[PDB]
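Summary of the model geometry
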Amino acid sequence: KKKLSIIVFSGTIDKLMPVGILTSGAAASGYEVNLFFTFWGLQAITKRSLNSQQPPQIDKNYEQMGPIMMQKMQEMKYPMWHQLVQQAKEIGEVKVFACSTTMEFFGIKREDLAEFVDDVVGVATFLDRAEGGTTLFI
Amino acid sequence: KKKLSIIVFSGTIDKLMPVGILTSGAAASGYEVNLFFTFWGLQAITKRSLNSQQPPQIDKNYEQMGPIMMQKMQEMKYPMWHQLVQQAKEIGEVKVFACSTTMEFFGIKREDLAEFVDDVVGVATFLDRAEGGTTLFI
Amino acid sequence: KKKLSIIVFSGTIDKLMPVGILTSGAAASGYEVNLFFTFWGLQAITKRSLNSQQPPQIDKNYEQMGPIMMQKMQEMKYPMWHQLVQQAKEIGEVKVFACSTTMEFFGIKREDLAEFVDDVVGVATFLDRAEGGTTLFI
Ligand SMILES: [Cl-]
């Protein structure tokens, strides 16, 4: 069985969209997908971040291009990255993991995380799950 | 035959150079190389971007170090990233793909893309092509 | 024979920490680990950069969150990324490589590199070592 594992390190919207798109497409294709949220990505899956009214953060390197993208996505009614992940779970085999080390660094507790997080694990556990499939660091 | 596949997400010069160097080095070593330009990387392979007279953009995180690099490369007459890719295509087995989803988000049409793009494809296509080789997200 | 290879392109502290954490965890789990420092990551392993008194650089995209992280790490007495890598070498099979191309671009000589660098090699040499294992670009 085909497998895709992604270490979701980044927390800007322009990087979270690819995560959602890859996850959704891979799940639809019948892949096993493993997501490992760490550092800024882990911050992005906290309930506080997900419910924030503040406008999503685009990478400062491409600020000038931000509105074009945001405007064209809302125009297409394109789902948000987290909705893509949750829908993928319903359609295929998708597991969402939170990095335990980052949680200590940012003082994040399990209860602070989105309901769709399946487990809190360390690095080695993710390496073992990623073994043999395609693996990306985003 | 060894294979390298790269998702070229970034569009800053400091990230596009590695793409060129990896492609060139791998192709010369006998690797099959697949490049998938998406988001900012897709912007970078539009004819408009390639022909722009505006100075390449370094990652804002390393601005202070930008000139040192730019100066030392023009001093060595080091080829531009896209020249390295095109030369790699002539030397080895290199395929350049453009992401169809990003093209919709940024209103880019096939005619707007550089001639060296072989095809416009979606995510699953690139997963399929990458399967079994080394795969990187840049 | 489980193996992890990482192309360490980035030079900000928030990206170097994951490199140390991945290396340390992988080595402790019995993985062979290969690190290839290139571009800004290569700069980060020069003796000058390692001995610098200047405060580590966080990604400008997450400046606001920098102090929280630094403060919580020094509070836990969390080792620095390079200490995690050197400790991993002592514990397991970890090899550190420097990118020969970027060394020309930045005018870095072998003597300028940290003693823990095992060899200076080109990109195809490192791809050959990475083949068959999990490979990441950070
Ligand atoms: Cl990667």
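Criteria and thresholds
- Residues numbered from 1 in each chain as written, not as in the entry; some residues may be left out.
- Chains lettered and ligands numbered in written order.
- Heavy atoms only, no water.
- Residues with missing side-chain atoms left out of burial classes, pairs and counts.
- Helix = DSSP H or I, 4+ residues; strand = E, 2+ residues; numbered from the N terminus.
- Contact = heavy atoms within 4.5 Å.
- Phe/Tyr/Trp six-rings, centres within 6.5 Å; stacked < 30°, edge-to-face > 60°.
- Buried < 20%, exposed > 50% of the residue type's maximum accessible area, 1.4 Å probe, protein only.
- Axes fitted to C-alpha atoms, helices over the stretch in contact; angles between N-to-C directions.
- Parallel < 35°, antiparallel > 145°, perpendicular 65-115°, else oblique.
- Left-handed = near helix turned anticlockwise from the far one by under 90°.
- Nonpolar A, V, L, I, M, F, W, Y, C, P; charged D, E, K, R; others polar.
- Least-squares fit on C-alpha atoms.
- Pairing = 2+ DSSP bridges.
- Salt bridge = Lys/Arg side-chain N within 4 Å of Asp/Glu carboxyl O.

- In the PDB, the entry goes by the title "CRYSTAL STRUCTURE OF a putative oxidoreductase of the DsrE/DsrF-like family (SSO1126) FROM SULFOLOBUS SOLFATARICUS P2 AT 2.09 A RESOLUTION".

1. Some words on the overall build of chain A
- Scanning chain A from terminus to terminus reveals seven helices and five strands.
- For chain A, the N- to C-terminal ordering of α and β elements is β-α-β-α-α-α-α-β-α-β-α-β.
- Seen along its three principal axes, the alpha-carbon backbone of chain A occupies a region of about 40 × 35 × 25 Å.
- Partitioning the intrachain contacts of chain A with sequence separation of at least 6 by distance along the chain shows that 78% fall at a separation of at least 24.

2. Focus on the packing of aromatic side chains
- Scanning the model with the defined rule gives 28 aromatic pairs over all chains in all.
- Where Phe37(B) meets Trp81(B), the ring centres are 6.0 Å apart and the plane angle is 40°; that geometry is what we call tilted. Of this pair, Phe37(B) sits in strand β2 (residues 32-37) while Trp81(B) is found in helix α5 (residues 81-91), placing the two residues 44 residues apart along the sequence. Each member of the pair, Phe37(B) as well as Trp81(B), carries the same accessibility label: buried.
- Plain terms: the ring middles of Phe9(C) and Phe137(C) are 5.4 Å apart, the flat faces sit at 25° to each other, and that makes the pair stacked. You can see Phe9(C) sitting in the loop between β1 (3-8) and α1 (13-28) and its partner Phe137(C) sitting in strand β5 (residues 134-137), a full 128 residues away along the chain.
- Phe137(C) sits in the buried class, given a relative accessible area of 4%.
- Pairwise contacts between aromatic rings join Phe9(A), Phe39(A), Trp40(A), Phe105(A), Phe106(A), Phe137(A), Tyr62(C) and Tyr78(C) into one cluster.

3. A few points about unusual backbone geometry
- A positive phi is found at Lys77(A), a non-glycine position, where the angle reads about 60°.
- Looking at the element boundaries, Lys77(A) is found in the loop between α4 (66-76) and α5 (81-91).
- Phi at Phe39(B) is positive, roughly 45°, even though this residue is not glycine.
- The class for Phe39(B) is buried, based on a relative accessible area of 2%.

4. Considering the packing of helix α1 (residues 13-28) of chain B against α5(B)
Residues and elements named next belong to chain B.
- Contact geometry of α1 with α5 gives a least axis separation of 8 Å together with a crossing angle of 15°. Classed by the angle they form, the pair α1 and α5 counts as roughly parallel. Read as a crossing pair, α1 and α5 show a hand that is left-handed. For the pair formed by α1 and α5, the contact residues are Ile-13, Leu-16, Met-17, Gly-20, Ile-21, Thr-23, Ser-24, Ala-27 and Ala-28 on the first element and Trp-81, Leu-84, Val-85, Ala-88 and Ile-91 on the second.
- In the contact of α1 with α5, the residues fall into eleven nonpolar, three polar and no charged.

5. Considering the relation of the copies chain A and chain B
- Superposition of chain A onto chain B requires a rotation of 121° combined with a translation of 0.1 Å along the rotation axis, giving an RMSD of 0.1 Å. What the superposition gives is, in effect, a three-fold axis relating one chain to the other.

6. Focus on the side chain of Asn34(C)
- Here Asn34(C) lies in strand β2 (residues 32-37).
- Beyond its immediate stretch of four places on either side in the chain, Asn34(C) contacts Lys3(C), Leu4(C), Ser5(C), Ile6(C), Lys95(C), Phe97(C), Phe126(C) and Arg129(C).

7. So, the interface of chain A and chain B
- Taken together, the contacts link 27 residues of chain A with 26 residues of chain B.
- Within the residue set of the side of chain A that touches chain B, elements represented by two or more residues are α1 (13-28), α4 and β5 (134-137) of chain A.
- Partitioned by chemical class, the residues of the side of chain A that touches chain B number 17 nonpolar, five polar and five charged.

8. Things to note about the interface of chain B and chain C
- Contact residues are listed per partner, giving 27 residues for chain B and 25 residues for chain C.
- When residues of the side of chain B that touches chain C are traced back to their parent elements, those giving at least two are α1, α4 (66-76) and β5 (134-137) of chain B.
- Split into classes, the residues belonging to the side of chain B that touches chain C amount to 17 nonpolar, five polar and five charged.

9. Considering the sheet that holds strand β3 (residues 93-99) of chain B
Residues and elements named next belong to chain B.
- Pairing within the open sheet is parallel, and its five strands lie in the order β4-β3-β2-β1-β5. Pairing within the sheet leaves two strands with one partner each, and these edge strands are β4 (119-121) and β5. Each neighbouring strand pair of the sheet contributes to a mean axis angle of 25°, computed without reference to strand direction.
- In the sheet, β2 pairs with β3 via six bridges, with the strands oriented parallel.

10. Here's the deal with the sheet that holds β2(C)
Residue and element names in this part refer to chain C.
- A sheet is described by the order of its strands in space; here five strands give the open sequence β4-β3-β2-β1-β5, paired in parallel fashion. Bordering the open sheet on either side are β4 (119-121) and β5, each of which pairs with just one other strand. Within the sheet, the average angular offset between the axes of one strand and its neighbour, ignoring direction, is 25°.
- Across four bridges, the pairing between β1 and β5 is parallel. Along β5, the bridge assignment pairs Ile-6 with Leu-136.

11. Some points on the pattern of salt bridges
- Per the counting criterion, the structure on display carries ten salt bridges over all chains.
- For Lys47(B), the salt bridge goes to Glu115(B), with nearest N and O atoms at 3.4 Å. One end of the pair, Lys47(B), is in helix α3 (residues 47-51); the other, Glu115(B), is in the loop between α6 (100-105) and β4, and 68 residues separate them in sequence.
- The salt bridge involving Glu93(C) is made with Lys95(C); its shortest N-O contact spans 3.2 Å.
- Given the relative accessible area of 36%, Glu93(C) is considered partly exposed.
- Looking at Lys95(C), the relative accessible area reads 28%, which means it is partly exposed.

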